[PDB]
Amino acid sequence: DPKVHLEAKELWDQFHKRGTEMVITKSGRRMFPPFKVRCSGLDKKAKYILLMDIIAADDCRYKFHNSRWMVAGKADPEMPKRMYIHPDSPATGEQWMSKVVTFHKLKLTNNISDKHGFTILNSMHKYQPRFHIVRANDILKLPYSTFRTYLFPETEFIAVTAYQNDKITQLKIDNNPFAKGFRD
């Protein structure tokens, strides 16, 4: 049975315990931590296509009040979510199992008319990253193939235009090399 392992799980757990937030911007923001995985148990010679997308975790809009995230009401409408085909697809099980799998092109935006293929999200809504394995050797075969979808609830997050919980901001500062200029 193919199995998927989340990389840097201890760090995802630290963020998740405090309520993960991801900033979104018109021009596109990277996710931090990045969503990275390792696959095992794939048939070595069979061909697979690896993909990832982000979907709404529920149909609620949230607000951060009294130091907590709470559902404020029903969610705004959602845009179709970019499905990313990993650039090495299709590749053999062997090939996929010898590398950490990540999606470098992924970026989050709040611009609903974005034309860059970014993942479009509603600020103050909750999202769940999903990883997919499809046993097929033709990208065009994707609309007729079964997707095995791997969910890691510890990577769930609320999208925001600016951080709400300072404890999340501190973890981002202390762990993302690009933000080290703000470290004490």
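Numbers for residues come from their place in the sequence shown, where the first is 1.
K.L.:
Higher average CA B factor in the deposited record is what I'm after, so tell me if that's 52 to 60 or 38 to 46.
P.N.:
The stretch with the larger mean CA B-factor is 38 to 46.
K.L.:
Tell me which stretch has the larger mean Cα B-factor in this entry, 66 to 74 or 124 to 132.
P.N.:
The deposited B-factors put 66 to 74 ahead on the C-alpha mean.
K.L.:
Of the three thirds of its chain by CA temperature factor, lowest, middle or highest, which one includes residue 28?
P.N.:
Middle third - that is where residue 28 ends up once the chain's C-alpha B-factors are sorted.
K.L.:
Considering every modelled residue of the chain and its Cα B-factor in the PDB entry, is residue 79 in the lowest, middle or highest third?
P.N.:
Top third by C-alpha B-factor.
K.L.:
Lowest, middle or highest third: where is residue 100 by C-alpha B factor in its chain?
P.N.:
Middle third.
K.L.:
If you rank the chain by CA B-factor, which third does residue 157 end up in: lowest, middle or highest?
P.N.:
Lowest third.
K.L.:
Please say which third, lowest, middle or highest, residue 106 falls into when its CA temperature factor is compared across its chain.
P.N.:
CA B-factor rank for residue 106: middle third.
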